[PDB]
Structure formats: C-alpha cells, structure tokens
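Please treat every number below as a calculation from the coordinates, not as lab data. Every residue, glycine among them, receives a Cβ derived from its backbone with ideal geometry; neighbour counts consider all protein chains shown.
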Amino acid sequence: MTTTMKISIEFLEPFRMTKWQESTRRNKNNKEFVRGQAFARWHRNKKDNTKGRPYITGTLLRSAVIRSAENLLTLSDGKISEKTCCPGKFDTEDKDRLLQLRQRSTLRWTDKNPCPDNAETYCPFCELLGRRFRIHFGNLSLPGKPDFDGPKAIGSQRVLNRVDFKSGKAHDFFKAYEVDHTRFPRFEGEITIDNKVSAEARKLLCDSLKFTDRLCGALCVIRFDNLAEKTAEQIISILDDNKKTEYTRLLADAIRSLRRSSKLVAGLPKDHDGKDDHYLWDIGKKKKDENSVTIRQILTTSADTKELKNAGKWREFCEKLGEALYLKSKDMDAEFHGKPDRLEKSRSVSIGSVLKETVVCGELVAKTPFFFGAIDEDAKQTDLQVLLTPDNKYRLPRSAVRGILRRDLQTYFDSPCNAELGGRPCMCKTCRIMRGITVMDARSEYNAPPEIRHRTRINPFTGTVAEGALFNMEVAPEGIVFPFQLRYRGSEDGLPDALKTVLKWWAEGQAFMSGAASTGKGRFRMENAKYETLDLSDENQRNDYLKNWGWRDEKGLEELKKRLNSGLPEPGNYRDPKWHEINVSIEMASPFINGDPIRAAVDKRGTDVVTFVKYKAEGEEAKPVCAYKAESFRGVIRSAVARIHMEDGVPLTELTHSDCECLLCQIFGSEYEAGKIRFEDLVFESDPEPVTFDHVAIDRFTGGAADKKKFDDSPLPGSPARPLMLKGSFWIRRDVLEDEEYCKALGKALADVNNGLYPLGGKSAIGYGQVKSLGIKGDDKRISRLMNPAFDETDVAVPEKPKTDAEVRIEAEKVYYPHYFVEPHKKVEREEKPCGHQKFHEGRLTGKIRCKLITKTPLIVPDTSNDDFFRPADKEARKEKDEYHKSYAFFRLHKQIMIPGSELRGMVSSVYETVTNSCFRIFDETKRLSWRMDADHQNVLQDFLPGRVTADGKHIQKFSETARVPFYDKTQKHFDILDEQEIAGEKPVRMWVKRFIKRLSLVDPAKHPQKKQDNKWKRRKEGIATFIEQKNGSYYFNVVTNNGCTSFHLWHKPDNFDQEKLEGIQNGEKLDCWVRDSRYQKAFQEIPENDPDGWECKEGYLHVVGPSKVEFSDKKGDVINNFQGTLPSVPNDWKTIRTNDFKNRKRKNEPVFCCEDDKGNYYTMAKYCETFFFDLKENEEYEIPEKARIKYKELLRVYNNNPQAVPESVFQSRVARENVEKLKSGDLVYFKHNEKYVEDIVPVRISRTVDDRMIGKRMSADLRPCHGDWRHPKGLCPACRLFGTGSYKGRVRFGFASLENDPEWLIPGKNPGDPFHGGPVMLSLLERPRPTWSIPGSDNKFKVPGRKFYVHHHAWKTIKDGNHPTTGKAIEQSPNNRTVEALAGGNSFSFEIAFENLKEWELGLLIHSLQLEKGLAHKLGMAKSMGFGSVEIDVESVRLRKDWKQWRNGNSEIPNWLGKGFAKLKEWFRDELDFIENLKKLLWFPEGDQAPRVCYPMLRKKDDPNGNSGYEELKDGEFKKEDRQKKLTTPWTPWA
RNA sequence: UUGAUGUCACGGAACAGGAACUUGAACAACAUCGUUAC
RNA sequence: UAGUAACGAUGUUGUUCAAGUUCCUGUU
C-alpha cells in the first residue's frame, strides 16, 4: 500500500564530512556532535576498526525540503494549485528530546488559524510535514556499497579559520573533512509515499526537490524518476659504506628538485675535466671493485623502468624518495566549535513576494604568485605548503572567496560585525548581503609542481643569521586562470551598491585574496565579466527556472552563457579603493647575486651558487625569468628604517615589540597586527647571461692555495657601460600617505638607500650590489621630495705622501733570495669588544675612499673562463682527452679591462694584518710534516733496531743482530729452492751465517816498505802453509793459527812480491804466512764452494722487499755508457732480475743491472742482496701506543701518493707496489723504542721520519686563527674587527677597479690597428711551495717563521726575451706552464672603498696600509716570484658622512687620523716595533741604477752555466740547519 | 546507517612577524729513492 | 765477545669547496 520514489543526488563541489564517535557522546551536551550535524557522517562496521563508507541521513534532506517548501510557498501567495495552504505548526511542548531547535524566523503568508490536530483533512503543508509514516525519508548511500580502509582514504582534514578585522591576524579555528567530487559524485536513496496523501502534496514535493541546491557545504542537483623504499635503502647503504654521511640532507633537497621533469637526470653536472667523479653525484665508486654502482647510475636506470614513464609516477617517486632521505638525515589547543542557543519560540516574520536573481560569470587571473596555506601531516620537508587537488591541480576554495568578500564589504562600510557564533541571526548591513551570496570553487587545470623558496632572519647585532632561523616556502606560479561564478538573490532590483563597488574594485586588479600579502603574494584581477538578472516573481519565469534545475549543471551553464550581456553595471556610489601603487626603478653598476645552492647542485654548469630565478605560467607550460625576491627587498627597507629612528633612547632594532606603538610596529606591523605596506618582486628588464668567477684562499705562511678552499660563483654581470636596470613596484595604504610622520620616515630611509649604502644582494664585501640610484614615482611628491642629495664642493687638496727611511745596500756580482719571512711579535690583543651593526654610532666615521692604482711592472690577472685563447686558426678544434698547453687572457667583463675586488681585498688585508700584528686569518692546522732521514750510522741509524710485531697488534719483539743474504746474483740460487711461504716472512728458515773472513799475506815483518801502513796489521800472529791444488789466479793453502788447534781452507790471490815466494811448489813445502781478520757479514743457504770454513748455523726470519734503489734517468748516464751493447728490456715480474754489468771492473765490486723500456728511459739497478733477521730474543717486548699507528698511517699515505716515483711498478718497494694500509700481524719492521714504549716504525732501512705534532702546534697559542667565541664576545684579533669573520660581519667593502686610459700592452699583438689585444708570453714552471725547507728538523728548536713577503726586482726582461731566470737557456713549452697576456708599466686604474662605523685610529692605519711611503710599492698578480706585479696606490677625496642630508667632504682631516693611528700603535707596543722596520725593508723598490739579480738555486752545481752552488751544496755551509731561520728572516741576505 | 511537529554551518580567510646570509688575492721551488764497503 | 763509515742518480705538478644556522614566536 506504498509507492516508492527513487532519488539520487549528484555533487558539483567538494562536500564536507564529520568525524565518527561512539554511541555515548551523541547527546545535546557534546560540542562536536553538534556543529557536525550539517555534514555527511562516516559509518564503520565492526566498531573499533577504521573501515567503512560515508552516508547522508534522511532528516537532513527532510529539513532542506522543508526550507525549500517554505521559500517556495510564499512566492505564489500561499496557493499551490487551487486550495490555500495552512501556516503550519512548529511548536513542541517537550524539550528534553529534540536535541536542536530552530532559530530562523520562519516566513509568513496568509496568517490564519494553525489548523489544529483534531481535524480530518489537513493543509498540504501539514501533509508534507508529517502530521505509519506519511512521508518517509530514507538514507542516501553509495551505489555499489563498497568498503574503504578509513576516513583518510577518501578525503583529507584541513584547517579552517576565523580572522579578526582590526588586528587582522586570527581568532580560534576549527577543522573538518572534505571529500573530492570527481571521485564520489553520486549518492542514491528512496522516498516512501503513502497512497492517499494528496494530489497537490506531490507537486509541492517535486518542486521543493527541484528548488533545493545545496546539502553538505556544496552545490548539488537532485534528480528523480615498493620501488622508492628499496631505492632509498640502497642509497642509504651506499652513503654509509663510504664516509660520505654528511651529504644526506643536500642529497634529499637536490633529489626532491628533480620532480619537475625526467630529462634532468641525463644532464647532471660533471667534473672540471668532463669526467664522472663529481663530489656528490658519484659517491660509491672506488679504484677497484668495478661492480659498485654510484648514485648517478641508480637514478639513470630508475628513469626508464616502464613504470616511471608518466609524469605523475616520476613526480611521486621523487617526492617519496626525498622524504625518506630527509627522514633518514633527521635522526643523526585553542579552537572553538559551536554553542548554539536553545530558543523557545521563533519570531515568525514576513519577507514579501519580490524575489530576483543575478548571475555574474567571468574569470579572474593571477598577477603575483599566490599562496593558500594547507600545511598537512606526513610530509615534513617543506613546513609551508600550498593547497592542491588530489590530481595535483591548483585550486582556490570558496571559503577564502567568501571571507574576502566579507572583509571588502566591511571595508566599504565603516563598521565591523559583532557576531559571536550563536543565537538569533545578526542583522547588520553586511550580514543581510552575505546571506544571499553563492560562489563556486575552481581547478585551474595547470598541473605543475610549485617552486621552493628559502628564507632567513638576520640578527642586527652581528650581521649574520640568527640561531635557528631558516625555513622553506613553496608558492604557486604566476598567471593561472580560475573560473568564477557568483550568484545573488534578494529583494532589490539587481545588485546592491556595496556589491557593485566591490566588484568594480576587483575589476581593477585590487583583489588581494590570500597568502603572505605582506611580502607580495596573490593579487588577482577579474576579467571578462558578464551579468544577467532573472525574475522569479512571476509564473512564466519561475517554472522555466524549475524545469531545468536552475542552470547549475554543465549543460545548463552552456545554455545560460548565451544570454548574458557584457560589462559590469556602473555603481551609484564609488568609494576610491584604499591602496595606492608606487613604482620603483633601481640601477646598479656591479655584478649581482641572490644565492640558490640547490639549483647550483642540479644545474649542468657545475658551479657552487647560482642566482635566483622564478617561473611563470603561459597556460600549460612554465618559463623561467631572473628576478629579485620580495622578502629581501622588504628586509632591506625595514632595516634602513629601523637604524635611524630613536623612539626614547634605545633604537628600534633593540626593542621587543611586545606592547609598544613603535614606528616599525605601525608601518611594517608585528605579531599583533598586520602591516600597511606590501612589496613585490623585481624583474631585470633584459636577458643577462651569467658569467663565472673563480676564487681561491691564499695561505699566509707559504703563500699558496690552501687545501679544500677553491670555489666559484655565477652572478649576473654589470658594469659602468651596461648598468643592469631593475624594475618593480610596491603598494602603500591610503591612510599612510596622508600622514606627515610616516612619509618622512620612508623618505629618510629611501634617501639612505639612494646614497650608496645598503647594497642589495649577496657578497657585497667584494663589490656586489652597489646601488647607483633609486627613483620612485606615482605618489605626488609626498615621499620623493626628501631624496635630494647635497654636497659641499670644497677645494681642499689631499696631503702628499711622506718620505721613507728604510734603505738597503745592494751591490753587484751577488744574488739574493725572493722569500724573506717577517717574524711577528708575541702580543696580539683581544681585549676589545666589537661595535655592532646597529645605529650609526656617534664618535665613529662613515664614508667613501676613492683611490688611484698605477702599475710600474708588467701585471698578470688571468681570465680563467677558457683555455686555448692563443690557439692557431683554421685547424682541428681539440682532442677529447689530452693534456695541452694552457694559455689565458686578461680579465674582461663587458670587453673592458677590469680588476676584481677580491684581489685588492686580499692584498690590503695582508698588509693591514701584518702591520698591527694580528691573528693569522687563514691557516692549515693539520698536515704534519715529514723528512727523509740521512744515511749516516752515528746520528740516526744507530737507534733503529730490527723487530717484529706479535700475534696481536700490541707488542713488538726485538731481534739481536742482522746479516745480508745475496739475491739476484749469479753465484747462488735462492729463488727456486724457497717457496712463497718463506720469502714473505711468515715462516722461519735456517741459514748459515759467517762473521769474519781471513785474508792472507806472506811477509809480515819485512813488509814495511810496501805495506804495513794501513794499520790493520796489528792482529797477525803466525801460520804454516801447505799446497794441495793448482788454479789459474789463486793458490790453495792449509794454515794453522798458533799450535795446530784448527785449520781453515782458503784461496789466496798472490801479487808481485808474492810471485817470488811462489816460484817453486812441489805440493809439500812449508811456507811462512800470517793471518788477519776482516769483517764479512754474509749469510748463505747451503755453503759456498770457496770457503769451507766453520759457518755458524743459526735460526731466524727472512724478508724481501724487491728491487729498489734505481738510478733512472733520460740521458745515457755514465753506467749505461761504456756498456757492451744490446741493452735488454724490462721484465714484467721480479724474482728473475739478474746482474748485467759491474760498476768497478778491476775488482769484483758492487754489481748493477742496466735495462731500457719502450721510452727513452734508462734504468740502472743496485741492491744485489737482502736482509736476514736471526736470534730472536724472547720475553722482552714493547707496547705500541696510538701515536705510532698514526705516524705509520701518515708514512704510508706519503709512500702511496708520490708523483716523482719510478714509472715502472717492478722497481718499487714492497710498501708502494702492493698498496697496503695498516700494520699487519707478523710482519718485520725497523722500530725505535725506549723503556717499554716504541716511538717510530719504518719499513725499510733508510725511510722517512714523521714528526709527532701537527704544524698547528708549532706556533704560539696566540697567533692561531682568532676564531671562535673567544651580542658577540670580546675575543677577536685586531684584524677580524675591520674585516669580518664567521659570526661577525665586516665593515669594509671594496670595489671593482676599472681602466681609463689606453691599454699599452707588453708585446704587440698580431693585428695592427686594433690596440685592444696583446701578445703571449711564456712563463717558467711555478711549482708549489715546500714548508719543509723553512722548518728543517723536528725537535723543539724550529718554530714557524713569518709571512713570506715577496721582494721587488726586474727579472721580467729575461722572460720577455725567452730565456730562464736562473740559467740562460731558452724555455720550452710543456703541459705544465702557461702562456699569459700581460700589461706594461704606466697604466692607471680607479676603484672605491666604502667603510662604516670606523674609529679614528682604524682609519689612520687603513690609510697607512693603502698608501705607503714614497719609496715602497705593493705586489699583486700572478707569478710574483719573478718581477711581475708592482703597484702603488694614491688616495683621493675621502668624503665622509655626518647626516642623511649633507656629506661634508673631509679632505682636511687626514694627518690627524695618521697621528692618532701611530699613537695607538705606540700605545700597544712600547719600543719593540722591529717588525714594521722589517716590513718596510721588504717593500723597498729599486729607485734607480740598481739591478738586483734574484733567482732560485738549481738542484746541483753541474747543471747551470754560472756555477752558483745549487741546493745540494747549500745544505752545508751557509744554510746548514741552524742558520736557515736566521738567514731567511733578515730582509735582504745574499743568496751566496 | 537517521527519526519526524523546529538544523541560518554558503554562520567562521590557516591567517599575523622574519634580508640564503657571514668569512676566503686563483695561486704557487727543492724535493724523491735506498743501500754499498770493510 | 764485537759492528763501524756516509755515500750514488736527476726529476716533477697540486687544491677544485671548507666552517656555520637548517625552524620558531603567538590566537580564546
């Protein structure tokens, strides 16, 4: 007796979902079951397990149908078809149930009796209301009834908000689930109607089902009828198998960046030679073990797997791989909800019968990168994320649009709302308009990943970043189009005036929707607006509206968009939007950098930092453009304001801004109110291609490149020819331009920015940034009227340089050395506190110094961007893999000769820090030294005893003595009778050892005429002689010693005098003879066939090392000559090398072995013997500490990395040939010990000795790098206060020097008429320095000398011709020297030095270090160990700064500064200023007719035509061991 | 998997504050091998 | 029982980033 009607709803927007709770907190007393009643619910079967499906109750649809029926019944004056309708009853006497009452002011029509219950025929509204069921409403569920695994598998919980209006920051908040509508767009159910309900109630029900449009926070229309985890584990295991475990976070941040495209893995950078050993992209490979994959190979084979071919799959793989790597690198409260008021009776009111409808279509594009915070969980790498769609599309929610309409409607009026989330609806002017507004979501169809930005926070006391202030941020691209649709229904004749004014504001590009609006985030603009007003008051238009469900669906919208008239309606009352745009145009004069290291790690150029580049969208694809961040510009202007204004004593950079109305707190805002000025990004107006500059860090002692300290950067190029314009804008509020107190502050700050201070960008300490001018427009001269400069234009001249007094006595026919260290003092002061990079102090100076550099000796500053600049034309370009002859040019920026700022910074820093006797800025406190020990028995080789380590690596057992066993000879055979188990020393052998051999001579007492002078004939006694056999040269004898106790057989070689005693031998005569003993320490295997004497059989260990001591050469040495032809070839394996020739041929002395390889090398090999350790003394061992093992490790590392070694791997020793690492267990060593503790372990007889301490502990404790903690503390060296350090910014900025006259090169070029290119000159070898010649020994006597200042001379006239400086031979090219292009003497440059917050004695010392006396000169450039690079600097106008208006050129104050600097220098050191005298002696320039000839020695004396006693004779006599330091300190000592 | 005579949740902007920055001459002379003889 | 004496040859590149901070303050 029923009739089922099947309905089905279909969503057009993401609906919302509530949270599940058990059936105990489901009363009217819970505050989360209420406020969760207007959403969809989540049912789970088998309670306590999150598994179920969503559903919508029937009571909610009943309430929506009731509300639509009330809204529809007053539109036809209460008559459905024929009969009038009763007003209905909404009163209930019981209120313990009915968990929620109605607070709505029910509509009215035809007020009459409420049709009491004791009736028999009701009003159709009472049949719809339900007065066994009359109209039963059923549950709506999913079509197929599936089962998901929880509420997080269909949706995502996001946080909503509730912001304030005056202090526009926040209030409480809440959160809810939202499910996307592209995955779950359909729900189904039915409605059970009785038979005898009516024939007019069904029409009302159908019209009410068609008139309802939203159910759960969304529009609707109701109708009726495993790789990434294992790859992460593999990469982590690779990083842990090696020692590169500190590159894990950079690897994570660089791998997450590859999610943009898969064509970036085949374009990762390489090394500088084009190899495949990058420092992070090639971790894992070794010298051996080819089956070792790297990270580049892992990313390459994972780029083509037929699973990661799509973009979404590759993006997801990159994201979760980066997340896993970040998580692996890691481990090394206020919310309101509800409270609705339970009102007893609703105040029923009438609204009338006039109802219209307005549709506004169009679209709104983005003009700046927008931001919508959707920071979710389970993703902790970015910590500031954006809102995305489940298919990675950008969207703007309707909550943000609704809140922004609310804010603009409150701003159009001048009265905020005062609602408190409860009770009767609010009835102000801005809540009667907001109750008829309906908007929609967007999708933007872009589908591209967002870029990541890095931000920091700077401590304004030191200048560096604060502790713990570093975070990321991701922003959406610029230029995305969102579809827009607004709909309003009310009683007016169209739109109101407030909405028309707000839409006219939005049509001018002033719709600041959401984001970090203070730093120039999303600003949209509504375009292509259409509108059309319907009329639901009549009946011929309402039925056509109800026939097609309005026009909400896609077909209805495509039919509606053909009826809308174009152009928005003009408002009746305009309001002049409250934001004003001001343009900004900056022009620079130097390079510019805005760091980005991750892009440098992914980029294929192979640099360390690259400039910042943002993307922009063109509809489906993104293109990059270089720009300047908005946060950096905002920070610059904020710091420029904060350092001038006082506000009651303490400046604005020291306040806490807790509850203060400071001047920064009222313009730039704080954590309690929003700001009133919004900046924006700055584009560069052109296409500047980045260039590459190389840098290095020159050590102080042994001035050369320090270890691990070579780097580069890729900034944008700018020069006084092409000035790198910058364009942008920023927005200010309307009620700030009208104030006269804030505009003055902004004008003062921009006037300080314009006058040269506050450089923009990165490394401004070497001449980057340097704003030349700044000009704003668009403000009617309210701010740009205080930005006018004002100088003095005086005529005071600059005082001339004083005359020098330190002179040297240089004579002819003598040579000099070029090093001459400068020994320092012993008192470096660190008892002063640094100033602080805050407000400009009162008694300190700030300004500019303009200098003038003029060269007087050829200068070389190379342009290391390319080699082969002097390459011949019209030939082959270059072979792939070879070592050619490098040749460079001079430095150019835009085809203009320049000198960088870091060169001058380093030079002046060295001179300034050696004047004030300050801390060694950069130093190498590692790398302990080592020396080869000499070959003399008494001094060194006496203490090294033979030994052997025990079964465990803890003790060394010593031996008694040694004897040498002959190998590689022709008089025995020891290789084919001993196996490999006994020649490696792991098994004892048994040899026969002889100690003393016996010579023979016939006449002892009557031998004084000929012999008996050698004094060795003092142990002869007597002896009888026999004869048993005849030989060719020798004769047999059987001699007794004193009484016939023993007899020995020997072979005696007679001589002239012996010949006569020989003459007759009948085998039986008794000759007279004498026996003498001589030393013979040999040990053979069996027995030799020449001495059948008593050999003492002993027991010991044997060990071999291989054929060492090769005198290889290239010029047919004295032993290869006078040979017997046909030299053999090199054998491919040892144990077969024999003796070829003898060194002495009269006697049978030392044997050699001459061979010849495929090249022109000629080897001559000594060492025809090996050593045998016998007589192992037990029960006496010595322990090995850790210092011995560290010394042994350094010894092995030196042995294995040697470029001067023998090219053949057969003639090396065992230590270097087999490449071993640690001390094994059971190997022979030569150790040194004293009282149970060993000191040194060497492998061979004559090896090298490593010193115990490092080189950092051979100085004083005060001269070490003045770095560390010992606001900032007071422990800083006097040179780390002018120039910076880590955790303290320096207050001196240098600048790019530029040439102004004509070049005037050294040698003319190849093309006449083009005076802008020079000719090439070829240099000498230029080999790296040796610190093992200044520190000769290692005990305690040799400390570290000074700072290695090179002397001035003229030795470039010999290189100009083509000879060598030491000899006179012509130099020949090779793949080890360069061919540079140089300038000549008589060129002029000009640069500028900016300083701030200096004292009056630091400026005097800086001027004394810039300009020297009138007889000295500086030295910069390349190859200044010859005569190359000699400059002098003259100082021009020194214009100071005293206020933000006037600058007061102070040329007339220099001598007071110089006197104060000298007075401070006298105060520190009383009368011990000898280091300044030495430094003035070392900077002396030969004024005239003096030609000091300096050069380095040669190796020996026989290889230079002058014969000047090279290094191998200078180690004895002059520079022996104790005069080295002394003779290298005196500024001009004769080279001898 | 809801209750019926009463749901303005299209009744609520994840908003407000923060300088990828600090320090650094692209430079530079004496070492490397071990034993041989009595 | 036991150790004493210092000699012979002339050739060759190296570093290519390092030390720091890598997240906080708050809504009623």
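Tabulated values for the structure
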read-out: Unit charges at the beta carbon, dipole of chain A: most positive-side option, A:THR653, A:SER960, A:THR2; value: A:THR2
read-out: Net dipole in debye of segment A:356-577 [+1 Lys, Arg Cβ; -1 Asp, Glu Cβ; about Cα centre; nearest 20]; value: 300
read-out: Calculated FRET value between A:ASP164 and A:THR656, using beta carbons and R₀ = 22 Å, to 0.05; value: 0.45
read-out: Dipole moment magnitude, nearest 20 debye, chain A about Cα centre, only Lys, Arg, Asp, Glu C-beta charged; value: 2080
read-out: Positive-end residue of A:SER491, A:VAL475, A:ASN392, charge dipole of segment A:356-577 with Cβ unit charges; value: A:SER491
read-out: Cα gyration tensor category, rounded, prolate or oblate, for segment A:117-200 with a/c compared to 1.5; value: oblate
read-out: Phi-based couplings in Hz for segment A:70-78 (Karplus 6.51, -1.76, 1.60; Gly and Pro marked x); value: 5, 6, 8, 7, 7, 8, 10, 6, x
read-out: Most positive-pole-ward Cα, A:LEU251, A:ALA311, A:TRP281, against dipole of segment A:228-330 from beta carbon charges; value: A:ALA311
read-out: Beta bridge orientation in chain A: antiparallel %, DSSP, nearest 5; value: 95
read-out: Order of A:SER208, A:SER257 - criterion: other Cβ atoms within 10 Å of each residue's Cβ, fewest first; value: A:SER257, A:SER208
read-out: DSSP beta bridges in segment A:2-224 [antiparallel fraction, %, rounded to 5]; value: 95
read-out: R0 of 56 Å, Cβ-Cβ distance A:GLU807-A:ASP882: FRET efficiency to nearest 0.05; value: 0.60
read-out: Cα-projected label distance for A:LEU1499 with A:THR121, points at 7 Å along beta-carbon direction, nm; value: 13.1
read-out: Relative exposure of A:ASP48, A:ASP603, judged by other C-beta atoms within 10 Å (fewest first); value: A:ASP48, A:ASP603
read-out: Efficiency of FRET from Cβ geometry, A:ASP863 and A:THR1367, R₀ 35 Å, rounded to 0.05; value: 0.65
read-out: Sorted peptide list for A:385-396, A:20-31, criterion being average Cβ within 10 angstrom, highest first; value: A:385-396, A:20-31
read-out: Distance between modelled label sites at A:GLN100 and A:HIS937, nm, 7 Å Cα→Cβ extension; value: 10.9
read-out: Neighbour-count ranking [beta-carbon atoms within 10 angstrom, fewest first] of A:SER261, A:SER399, A:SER415; value: A:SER415, A:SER261, A:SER399
read-out: Amide N proximity, segment A:402-429 versus A:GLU508 label position 7 Å along Cα-to-Cβ, cut-off under 17 Å; value: A:408-413
read-out: Point-to-point label distance, A:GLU1453-A:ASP1158, nm (Cα→Cβ direction, 7 Å offset); value: 7.5
